[PDB]
Amino acid sequence: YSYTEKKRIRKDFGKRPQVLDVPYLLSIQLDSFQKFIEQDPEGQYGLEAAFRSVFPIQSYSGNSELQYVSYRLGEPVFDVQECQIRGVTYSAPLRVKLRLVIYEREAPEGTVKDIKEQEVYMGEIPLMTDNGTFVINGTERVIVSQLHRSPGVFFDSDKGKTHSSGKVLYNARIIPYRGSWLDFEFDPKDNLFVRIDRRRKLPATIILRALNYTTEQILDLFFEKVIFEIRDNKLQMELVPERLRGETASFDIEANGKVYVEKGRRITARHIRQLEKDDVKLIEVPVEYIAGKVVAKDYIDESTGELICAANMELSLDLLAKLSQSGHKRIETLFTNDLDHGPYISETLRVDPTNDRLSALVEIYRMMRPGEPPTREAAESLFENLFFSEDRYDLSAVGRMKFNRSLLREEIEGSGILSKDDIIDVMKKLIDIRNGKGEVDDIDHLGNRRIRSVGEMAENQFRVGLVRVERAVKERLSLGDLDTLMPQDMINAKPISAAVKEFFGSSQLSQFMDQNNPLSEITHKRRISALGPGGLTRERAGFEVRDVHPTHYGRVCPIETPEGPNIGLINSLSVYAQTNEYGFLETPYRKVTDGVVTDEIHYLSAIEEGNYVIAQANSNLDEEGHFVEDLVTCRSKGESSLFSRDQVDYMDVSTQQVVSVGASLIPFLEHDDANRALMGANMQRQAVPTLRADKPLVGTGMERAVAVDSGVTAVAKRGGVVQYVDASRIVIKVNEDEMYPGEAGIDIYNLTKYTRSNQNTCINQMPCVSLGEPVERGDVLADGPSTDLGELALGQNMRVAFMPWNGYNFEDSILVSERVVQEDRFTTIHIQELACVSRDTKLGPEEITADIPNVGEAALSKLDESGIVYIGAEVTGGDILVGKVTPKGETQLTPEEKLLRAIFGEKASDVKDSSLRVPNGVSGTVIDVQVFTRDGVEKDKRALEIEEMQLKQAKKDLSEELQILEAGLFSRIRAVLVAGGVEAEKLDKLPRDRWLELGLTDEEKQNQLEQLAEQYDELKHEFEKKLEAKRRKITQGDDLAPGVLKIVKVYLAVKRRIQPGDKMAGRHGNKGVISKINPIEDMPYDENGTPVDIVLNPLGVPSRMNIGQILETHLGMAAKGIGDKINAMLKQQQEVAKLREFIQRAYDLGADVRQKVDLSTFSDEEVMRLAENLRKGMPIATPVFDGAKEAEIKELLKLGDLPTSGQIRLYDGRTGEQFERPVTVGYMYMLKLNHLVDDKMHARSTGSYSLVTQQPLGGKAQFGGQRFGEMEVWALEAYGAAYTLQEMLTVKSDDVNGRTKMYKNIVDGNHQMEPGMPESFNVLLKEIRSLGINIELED
Amino acid sequence: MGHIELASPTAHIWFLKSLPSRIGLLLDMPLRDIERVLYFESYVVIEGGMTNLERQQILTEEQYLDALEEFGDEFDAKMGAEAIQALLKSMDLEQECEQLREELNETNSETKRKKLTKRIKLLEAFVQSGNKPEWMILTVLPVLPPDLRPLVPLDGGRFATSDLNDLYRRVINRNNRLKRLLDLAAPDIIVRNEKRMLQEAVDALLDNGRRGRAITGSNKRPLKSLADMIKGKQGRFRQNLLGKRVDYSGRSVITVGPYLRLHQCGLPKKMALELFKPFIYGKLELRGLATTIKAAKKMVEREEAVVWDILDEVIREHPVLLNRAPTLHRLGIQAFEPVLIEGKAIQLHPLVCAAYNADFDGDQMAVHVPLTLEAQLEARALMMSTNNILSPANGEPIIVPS
Amino acid sequence: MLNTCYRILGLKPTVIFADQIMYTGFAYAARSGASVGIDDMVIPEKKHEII
Amino acid sequence: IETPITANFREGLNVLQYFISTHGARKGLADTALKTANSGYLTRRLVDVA
Amino acid sequence: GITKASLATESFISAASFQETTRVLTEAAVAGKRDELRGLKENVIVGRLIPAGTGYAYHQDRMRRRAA
DNA sequence: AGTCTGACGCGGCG
DNA sequence: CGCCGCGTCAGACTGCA
RNA sequence: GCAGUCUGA
Ligand SMILES: [Mg+2]
């Protein structure tokens, strides 16, 4: 098994054998950023392909050039944690080796005068921590992946939504990765039109005339030529027989014999085969067949030279004779037969007013830059760089692939810019789709939509930065300083470090990380956001992009998505989903060969998946792999239906392939309505980590992956033995076959203790391993927040009964016993950071002091003499944390107060009480104080105190790591000595400093001896300098904001217990708010005196069909019934034979479950450890969509002597009598969401007011005041409550005199308003009078 | 208020572009040509004279310099807001409407009678009211008072600027610049470009983006107009005038509390201490327990044990309104009597949940306190929950067991 | 029942009756022990045939 | 879709029946998220006319 | 329609606060209109008792003591 | 004003 | 073809002049 | 004060 996983073995009820183990969940973020910052010698990816895309840079004249030769990422100045403390970005300096070559003007071929290569620093790029987060300005962010419409060409329609005739207008659109969009669209007149960048449309052939095409060549491209050749007379015309299909002629057709159709008859298909077998070569038709046809060429009279008839002109009898007299025995004509072909180009070649290239170019200039008179050398330079220049247009490699895939070409790679034939083929397929020889693209197809992620977006911003840099360097290179100029002097690193910094810190997709629990972190790192730069907007996205598409199977979770205004725009990548090298989401499938389902998996994209017949994961299989069924249900071409077991081409690789890792942790998901599964998945990400973590009795087995794959846990990098373990440290001694040669062989994991989360919760790593215990590689050594012994544990197992109790569980409420508060099951710790920033003001600087005026020495009790609170001081709402006073002026004491302070004999001091104070209601312990002083500001006494504590801490930690690693090295050196050439006779005597170079047989043993002495010398020498490094990192000043002298940050830990109002929830969307904390003796109790812990309403089950919370409740009862058995055997002190027998029976129960736990392999020590881990209930794994059937739940209940119906009889705690019907009792895994009522409660009598409008402020941060919005004003108008409404308008908010009069009246026992005009109305009058409009009150 | 004396007249963008254009409808001139004359791209003839130079004729500049010799200086054609102001100021209303009233009375195709009665309505509205047409062209610009475009000093050692303060400054520069070019006698092409810039700057101040590309400062995001202050969901009308934030109000999560009577609701002690604070100050000063509102403020923030005995009287018969947004209908605001409870969650009788559409899965409610005797009696007689047991939509009970 | 009480007796008896109904309904729903379990959702034995 | 969910919520919906279920589930949720705007706007228009 | 009949009221404060504010304000400016505060919104804007309900009795005195 | 721009809604209404 | 609208209340976090 | 993001009902 494992060593951490034979501590507590979750009983797995899964029945399918697991073919593909769940991938690394955070490999999206990590793979993409690795591709960004890796050295890519091929130059396709990341920084390298952003550098090679700009460099080499040549001057405007060609006298010189600047060429990239290499790049390198330096070391970060501050580590991930120093960055989070100091509030700075975790970034690395980008050093790029640039070589400036000065070429000769004295040489014709451009010989070089000189080379100067140097390493220029351009920007700092933020490095990604090994958890996929970026530490930007000291806050951890996640750059979520974006799902945008891929570049390429998309043919779409508006399905009869214009011109009110149901006429389908087909439109193609070419979407580059960057550059100008190019749209073609039909009109209800069936004329072809073209937009560029969505502006006003032109006739389409204008673009075809902007290209150097004549009307004759255009009709060559878009048509096929029928030919009339008048040999003697009467319309001798060549015809291929199948042209006439669907055409009805009022003339009959005969040639060289048999007539084949009658006049006025339709030409049938049998007639077509009749024309075929006759091998017909020519047909003579009536002469009026010409009228209505259009000449396919421009014809000129050879006898006179005159223009007879232009091309694209429709022929007539007189025009026909005019052609015939000219000697043109052959005339051509556009084949414009309807309902297979079309005249669309011929007509749009009439409506266009332009007939030559220059006219097309200048008309394009008119539509593009209106109001500007065109110029030929300007119009053609605009047109060339619209679509045909690399610097303004790039159809990216994905664009070219999707392009040639859509136009059905053979080569998937090519030039990144359009060409003549590309636009021609786009128009041709659009015309086809008009005719009916094609079909429109589905815009929501995940073969048409694409994952752009961190390393791609950062490379885009780096490209933008580099192009600003290069447009600066091109003009800077034209100067005369050339021979003395170095490349460092011309590279400005401010555009690059402005672009990347603006993206990483201020973009739409770099979001402040959601750090409630490990599940929040992982699911945030795997969001797929349709929003962002280059994507949709949450208001303009319709109903069709929001819903789930049949290609979302296995690629995107259909049930985990936010419920608000961006439902369906933010998605969550499913469990096994990946991306192509192009960015299209692919998912694995087991290839089915000749009926047997192989274990060879193929990652199919959303377009490859359509061609195959893909079976379900729930399709049964025999021992060797054949489908035991003969008609298996499958998915082909988007639909789903039954097929024979040999038509099947692929198979799903798992049942949880479909859902994301959030919805994968919901046991019995196959029983919940998707509306409630959505809420359960969304609510598992808001559960705060409680004091003492508690595993799920009923889980899905995806807990060990979600916990380990996030970085909350400390997993062992190399197997070994725990050498030392402390609440803040784990020292592992690596095994002998795992340590590299020349190594101490000791891994130190320093655990994170009580740091502030992003959501102000507490993240805290407790050592899981104990002393001397052996650990394997990848074993959890330290549980994080919300992980229990390695598994993710977001909430606690509460004993719920489903029954209505006196209305306290009414309408989604929850009734909690007092023993849930006594045992602190749901008590969570929250850590608040308060900052007191000492400012520089024009009246003088403010000072941090404990000599604040207007406050007695009672409230200054907790401050030390430098003005800052003591660490460990339990402070309450209103306590001064950091005493600060500000120099003030403009008192101008009033006359009565002028008499008052002269009576009692003291005027006010010169300073103002501006000290930091605890907010109202929050009461905690000061657990940390960090003082930052501006470099050049005197450090107060406590700053030096904290600095000496920090310096001795750094010296202690570094001497401790040195004394651990040197101890490991000396142990390894002793091992090398005793391994051969025994010196154990004197090693017990010799001092450790002499072991290093003791003579052994010098073939191999003295080799590692001198190597380990060298390693110890290296350890000492590196400690010797890194100590001074962090010494100067502690002593140095801080790069504070301008204007601040010193910042004191005080951290408060608030142990926040549970109370009525706090939101709790299961995992099946059954949220609720606690109503009452009921006494223990009022809760319903079973025959055994055991009181139920939470009472839930049964009426929340059948309405919202989340039945998964009943089955879980029946399983969590059974899963605890086993625990109460072992708890008995451990208290009776039964033999390990009987314990092993029963635990093996509990592990063997099931209807052909996939796991086999064979305990007879466990030593009696291991069985006793397993029993002590199971005595609180046997954890059960109910994997999603193959979980425990109901019969297994009842069998497990019957094993633990519980009633298989799931319901026991209960007694009222208060009246002592039995409830009339049996009540469902069982153990539900309840969560406590971060919707604490402490954060919600607010009230305000009077406070500060807004500045322009004199209404109150908003939100409990600003001391609020609640918005009496428009609908509430209507609600008062619907009553006759005119006086209530008048006081809500005038004297409560806006009236500035009315509100003070009202306050003095309320105080004086006179409840009477004197309402005037609101200040907003006067503001509105001033704003309307600041237009030219004289609005005025009339008396 | 202040005022900027515009060096040249400047067309008001509201009466120029807010379809139908009052200036266009008044000059019988198409907007697509008045916009050309105003932005200095075409001439228009103020007075025609004995020539083919009819009044409302637009003539481009190249069609103007040839007219410089065709008819000498007998005519006068201008461009910009001076031209349109001369056209407005020159026309006569009482004569023009009288001239149109017969063309309306004589035409039998109503397609033109539509335009004729539109213009007659406009001219009668201009002559009936005291306005004059030439007031649709600003020559003085008012300036909003400075405490309504406040320049807030930031604690960060900086000044956070308004948007109007830009759109005014941007005007006051160009205007000032123009006032130099009228004294330096700069060539008329560059004072044309500066008058065009001043016109577009005043229009950007009054309504940004009416002329397409809107002025944006330092955020790549359009600056806020004067007309953006008063319109939309964020303008004064819907945001500050028709609904406004309100003192004596609070918010909390709701909880069932089924022991309640239909007319009362559980109110936390910690909220009812804050909402009723001036009432408590009054009862403290009345009963001699304090001598000064500052002494009573200290007694309340310390929460001495007599403050709670005061508070139990202050909220004895004093209804509070409870409101859960969205207030879809009248019963969304109901007044209950507060029962002081010790939690932090407002307890809400189970029967009123259907009327509120409230369910206890995390909802919140606002509490408001009626101050005046009339407001307390309105809350008690009109809005109390025992008076609202029937729905106003239909005569069927809304207080229904659920 | 509540509408009949409002039409016959008026507002005050109805406002008392509604509270008495609420109290007694909550009380006897508690006494009921009415609970939902997995065996309450009885699937008809004809289903696997009908399908 | 022509083959129904022949399974109910006491039995398990298998992964395909569940995926099918999600279509109507998200249509309902995205309908609720975007028709409250129409209802509120119609309410506001009715209030301001009356 | 309810929108056109809302914007065609005699009050420009009831129709300028509803929607299309620039239209309503320019047409009420060139017309020289006069809002006499006879509705519910006009009196909510300016801080008065609405003419409905317990303000109705007030709004009648204001009429029977100013029209005389 | 150059963008190594954005567009990439919809439905009435005049 | 341009213009006008597209629910309410609330909490949190950044970055910005 | 604003914009962006997320969340709740
Ligand atoms: Mg609710």
# chains A, B, ... in the order shown; residues from 1 in each chain; ligands from 1
>>> interface_residues(of="chain B", to="chain D", cutoff="10 Å", atoms="only C-alpha atoms", output="list in words")
residues 326, 328 and 329 of chain B
>>> closest_atom_pairs(of="chain A", to="chain F", cutoff="7 Å", atoms="only C-alpha atoms (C1' of nucleotides)", output="Markdown table")
| residue | atom | partner | partner_atom | distance |
| --- | --- | --- | --- | --- |
| A:197 | CA | F:7 | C1' | 6.2 |
| A:198 | CA | F:7 | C1' | 6.0 |
| A:391 | CA | F:4 | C1' | 5.5 |
| A:392 | CA | F:4 | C1' | 5.9 |
| A:464 | CA | F:4 | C1' | 6.5 |
| A:467 | CA | F:4 | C1' | 6.1 |
| A:536 | CA | F:8 | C1' | 6.8 |
| A:540 | CA | F:9 | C1' | 5.1 |
>>> closest_atom_pairs(of="chain A", to="ligand 1", cutoff="12 Å", atoms="only C-alpha atoms and all ligand atoms", output="JSON lines")
{"residue": "A:810", "atom": "CA", "partner": "ligand 1", "partner_atom_place_in_ligand_line": "1 (Mg)", "distance": 11.8}
{"residue": "A:811", "atom": "CA", "partner": "ligand 1", "partner_atom_place_in_ligand_line": "1 (Mg)", "distance": 8.6}
{"residue": "A:812", "atom": "CA", "partner": "ligand 1", "partner_atom_place_in_ligand_line": "1 (Mg)", "distance": 8.2}
{"residue": "A:813", "atom": "CA", "partner": "ligand 1", "partner_atom_place_in_ligand_line": "1 (Mg)", "distance": 10.0}
{"residue": "A:1063", "atom": "CA", "partner": "ligand 1", "partner_atom_place_in_ligand_line": "1 (Mg)", "distance": 11.0}
{"residue": "A:1070", "atom": "CA", "partner": "ligand 1", "partner_atom_place_in_ligand_line": "1 (Mg)", "distance": 11.8}
{"residue": "A:1071", "atom": "CA", "partner": "ligand 1", "partner_atom_place_in_ligand_line": "1 (Mg)", "distance": 9.6}
{"residue": "A:1072", "atom": "CA", "partner": "ligand 1", "partner_atom_place_in_ligand_line": "1 (Mg)", "distance": 8.6}
{"residue": "A:1073", "atom": "CA", "partner": "ligand 1", "partner_atom_place_in_ligand_line": "1 (Mg)", "distance": 9.3}
>>> closest_atom_pairs(of="chain G", to="chain E", cutoff="12 Å", atoms="only C-alpha atoms (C1' of nucleotides)", output="tab-separated table")
residue	atom	partner	partner_atom	distance
G:3	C1'	E:20	CA	9.9
G:4	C1'	E:20	CA	6.9
G:5	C1'	E:19	CA	8.0
>>> residues_around(residues="residue 29 in chain C", least_positions_apart="3", cutoff="9 Å", atoms="only C-alpha atoms (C1' of nucleotides)", output="PyMOL selection string")
(chain A and resi 803-807) or (chain C and resi 24-26+32-34)
>>> atom_distance(atom1="CA of residue 113 in chain B", atom2="CA of residue 22 in chain E")
26.7 Å
>>> interface_residues(of="chain D", to="chain C", cutoff="12 Å", atoms="only C-alpha atoms", output="list in words")
residues 3, 4, 5, 6, 7, 8, 9, 10 and 11 of chain D
>>> select_by_dssp(residues="range 112-158 of chain B", states="strand (DSSP E or B)", output="list in words")
residues 137, 138, 139, 140, 141, 142, 143, 152, 153, 154 and 158 of chain B
>>> closest_residue(among="D:37, D:29, D:42, D:50", to="chain G", atoms="only C-alpha atoms (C1' of nucleotides)")
D:37
>>> closest_atom_pairs(of="chain A", to="chain G", cutoff="9 Å", atoms="only C-alpha atoms (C1' of nucleotides)", output="JSON lines")
{"residue": "A:505", "atom": "CA", "partner": "G:15", "partner_atom": "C1'", "distance": 8.1}
{"residue": "A:506", "atom": "CA", "partner": "G:15", "partner_atom": "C1'", "distance": 6.7}
{"residue": "A:511", "atom": "CA", "partner": "G:14", "partner_atom": "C1'", "distance": 8.6}
{"residue": "A:512", "atom": "CA", "partner": "G:13", "partner_atom": "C1'", "distance": 6.6}
{"residue": "A:539", "atom": "CA", "partner": "G:6", "partner_atom": "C1'", "distance": 9.0}
{"residue": "A:758", "atom": "CA", "partner": "G:13", "partner_atom": "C1'", "distance": 8.4}
{"residue": "A:759", "atom": "CA", "partner": "G:12", "partner_atom": "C1'", "distance": 8.2}
{"residue": "A:1239", "atom": "CA", "partner": "G:11", "partner_atom": "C1'", "distance": 8.1}
{"residue": "A:1240", "atom": "CA", "partner": "G:11", "partner_atom": "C1'", "distance": 7.7}
{"residue": "A:1259", "atom": "CA", "partner": "G:11", "partner_atom": "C1'", "distance": 8.1}
{"residue": "A:1260", "atom": "CA", "partner": "G:11", "partner_atom": "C1'", "distance": 8.8}
{"residue": "A:1266", "atom": "CA", "partner": "G:9", "partner_atom": "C1'", "distance": 8.8}
{"residue": "A:1267", "atom": "CA", "partner": "G:9", "partner_atom": "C1'", "distance": 7.6}
{"residue": "A:1269", "atom": "CA", "partner": "G:8", "partner_atom": "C1'", "distance": 8.0}
{"residue": "A:1270", "atom": "CA", "partner": "G:8", "partner_atom": "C1'", "distance": 8.8}
{"residue": "A:1271", "atom": "CA", "partner": "G:8", "partner_atom": "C1'", "distance": 7.6}
>>> atom_distance(atom1="CA of residue 370 in chain B", atom2="CA of residue 262 in chain B")
19.3 Å
>>> residues_around(residues="residue 167 in chain A", least_positions_apart="4", cutoff="12 Å", atoms="only C-alpha atoms (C1' of nucleotides)", output="VMD selection string")
chain A and resid 157 to 163 186 to 190 434
>>> interface_residues(of="chain H", to="chain B", cutoff="12 Å", atoms="only C-alpha atoms (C1' of nucleotides)", output="PDB file with N, CA, C and O atoms (P, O5', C5', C4', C3', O3' and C1' of nucleotides), in the first residue's frame")
ATOM      1  P     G H   1     -16.692  58.306  -1.054  1.00  0.00           P
ATOM      2  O5'   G H   1     -16.616  57.867  -2.585  1.00  0.00           O
ATOM      3  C5'   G H   1     -17.439  58.486  -3.562  1.00  0.00           C
ATOM      4  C4'   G H   1     -16.676  58.821  -4.821  1.00  0.00           C
ATOM      5  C3'   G H   1     -16.601  57.741  -5.888  1.00  0.00           C
ATOM      6  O3'   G H   1     -17.780  57.629  -6.663  1.00  0.00           O
ATOM      7  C1'   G H   1     -14.472  58.704  -5.602  1.00  0.00           C
ATOM      8  P     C H   2     -18.197  56.210  -7.292  1.00  0.00           P
ATOM      9  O5'   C H   2     -16.987  55.818  -8.257  1.00  0.00           O
ATOM     10  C5'   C H   2     -16.827  56.455  -9.515  1.00  0.00           C
ATOM     11  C4'   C H   2     -15.585  56.001 -10.242  1.00  0.00           C
ATOM     12  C3'   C H   2     -15.568  54.572 -10.748  1.00  0.00           C
ATOM     13  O3'   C H   2     -16.345  54.387 -11.919  1.00  0.00           O
ATOM     14  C1'   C H   2     -13.480  55.091  -9.773  1.00  0.00           C
ATOM     15  P     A H   3     -17.091  52.988 -12.177  1.00  0.00           P
ATOM     16  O5'   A H   3     -15.928  52.029 -12.676  1.00  0.00           O
ATOM     17  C5'   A H   3     -15.239  52.312 -13.880  1.00  0.00           C
ATOM     18  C4'   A H   3     -13.991  51.480 -14.008  1.00  0.00           C
ATOM     19  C3'   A H   3     -14.165  49.986 -13.833  1.00  0.00           C
ATOM     20  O3'   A H   3     -14.667  49.351 -14.991  1.00  0.00           O
ATOM     21  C1'   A H   3     -12.311  50.703 -12.579  1.00  0.00           C
ATOM     22  P     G H   4     -15.542  48.015 -14.859  1.00  0.00           P
ATOM     23  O5'   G H   4     -14.476  46.913 -14.457  1.00  0.00           O
ATOM     24  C5'   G H   4     -13.446  46.557 -15.360  1.00  0.00           C
ATOM     25  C4'   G H   4     -12.390  45.731 -14.682  1.00  0.00           C
ATOM     26  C3'   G H   4     -12.871  44.474 -13.994  1.00  0.00           C
ATOM     27  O3'   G H   4     -13.134  43.410 -14.880  1.00  0.00           O
ATOM     28  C1'   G H   4     -11.454  45.619 -12.546  1.00  0.00           C
ATOM     29  P     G H   8     -21.590  32.368  -4.591  1.00  0.00           P
ATOM     30  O5'   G H   8     -22.505  33.134  -3.560  1.00  0.00           O
ATOM     31  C5'   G H   8     -22.233  33.032  -2.178  1.00  0.00           C
ATOM     32  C4'   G H   8     -23.118  33.944  -1.388  1.00  0.00           C
ATOM     33  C3'   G H   8     -24.585  33.889  -1.735  1.00  0.00           C
ATOM     34  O3'   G H   8     -25.225  32.803  -1.108  1.00  0.00           O
ATOM     35  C1'   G H   8     -23.892  36.130  -1.545  1.00  0.00           C
ATOM     36  P     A H   9     -26.301  31.936  -1.903  1.00  0.00           P
ATOM     37  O5'   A H   9     -27.641  32.749  -1.693  1.00  0.00           O
ATOM     38  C5'   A H   9     -27.973  33.270  -0.423  1.00  0.00           C
ATOM     39  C4'   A H   9     -29.070  34.289  -0.536  1.00  0.00           C
ATOM     40  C3'   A H   9     -30.129  33.998  -1.577  1.00  0.00           C
ATOM     41  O3'   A H   9     -31.108  33.089  -1.112  1.00  0.00           O
ATOM     42  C1'   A H   9     -29.461  36.268  -1.701  1.00  0.00           C
TER      43        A H   9
END
>>> closest_atom_pairs(of="chain E", to="chain A", cutoff="12 Å", atoms="only C-alpha atoms", output="CSV")
residue,atom,partner,partner_atom,distance
E:12,CA,A:1335,CA,11.2
E:13,CA,A:1335,CA,11.0
E:16,CA,A:1328,CA,11.7
E:17,CA,A:1324,CA,11.4
E:18,CA,A:1270,CA,11.3
E:21,CA,A:1328,CA,11.2
E:22,CA,A:1328,CA,10.7
E:25,CA,A:1333,CA,8.5
E:26,CA,A:1333,CA,8.4
E:27,CA,A:1333,CA,11.1
E:28,CA,A:1333,CA,9.8
E:29,CA,A:1333,CA,6.7
E:30,CA,A:1333,CA,9.3
E:31,CA,A:1333,CA,11.7
E:32,CA,A:1334,CA,9.5
E:33,CA,A:1335,CA,9.9
E:34,CA,A:1338,CA,9.1
E:35,CA,A:1337,CA,9.7
E:36,CA,A:1338,CA,9.4
E:37,CA,A:1337,CA,11.2
E:39,CA,A:1277,CA,11.3
E:40,CA,A:1277,CA,7.8
E:41,CA,A:1274,CA,9.4
E:42,CA,A:1321,CA,11.1
E:43,CA,A:1286,CA,9.2
E:44,CA,A:1289,CA,7.5
E:45,CA,A:1321,CA,6.9
E:46,CA,A:1317,CA,6.1
E:47,CA,A:1317,CA,5.6
E:48,CA,A:1286,CA,6.2
E:49,CA,A:1282,CA,5.5
E:50,CA,A:1282,CA,5.8
E:51,CA,A:1282,CA,8.1
E:52,CA,A:1280,CA,5.9
E:53,CA,A:1280,CA,3.6
E:54,CA,A:1280,CA,5.4
E:55,CA,A:1282,CA,5.2
E:56,CA,A:1282,CA,8.5
E:57,CA,A:1282,CA,10.5
E:58,CA,A:1282,CA,10.0
E:59,CA,A:1282,CA,10.9
E:66,CA,A:1339,CA,11.3
>>> decode(residues="range 57-69 of chain A", atoms="N, CA and C atoms", output="compact mmCIF listing (two decimals), in the first residue's frame")
# COMPACT_ATOMS: atom_id res chain seq x y z
N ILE A 57 17.33 43.61 -34.92
CA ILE A 57 16.78 44.93 -35.17
C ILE A 57 17.79 45.71 -35.99
N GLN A 58 17.34 46.25 -37.12
CA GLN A 58 18.19 47.01 -38.02
C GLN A 58 17.73 48.46 -38.05
N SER A 59 18.68 49.36 -38.26
CA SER A 59 18.36 50.78 -38.31
C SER A 59 17.55 51.09 -39.56
N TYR A 60 16.98 52.30 -39.59
CA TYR A 60 16.17 52.69 -40.74
C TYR A 60 16.97 52.70 -42.03
N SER A 61 18.27 52.99 -41.94
CA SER A 61 19.12 53.11 -43.12
C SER A 61 19.88 51.84 -43.45
N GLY A 62 20.10 50.96 -42.48
CA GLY A 62 20.89 49.77 -42.71
C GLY A 62 22.36 49.90 -42.40
N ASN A 63 22.78 50.96 -41.70
CA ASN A 63 24.17 51.10 -41.31
C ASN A 63 24.56 50.21 -40.13
N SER A 64 23.59 49.70 -39.38
CA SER A 64 23.89 48.94 -38.17
C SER A 64 22.75 47.97 -37.90
N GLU A 65 22.98 47.09 -36.93
CA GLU A 65 22.00 46.07 -36.57
C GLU A 65 22.21 45.68 -35.12
N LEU A 66 21.12 45.29 -34.45
CA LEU A 66 21.16 44.83 -33.07
C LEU A 66 20.54 43.45 -33.02
N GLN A 67 21.31 42.45 -32.60
CA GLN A 67 20.87 41.07 -32.70
C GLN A 67 20.95 40.36 -31.35
N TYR A 68 19.85 39.70 -31.01
CA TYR A 68 19.76 38.86 -29.82
C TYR A 68 20.61 37.62 -30.00
N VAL A 69 21.39 37.26 -28.97
CA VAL A 69 22.19 36.05 -29.12
C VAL A 69 21.86 35.00 -28.07
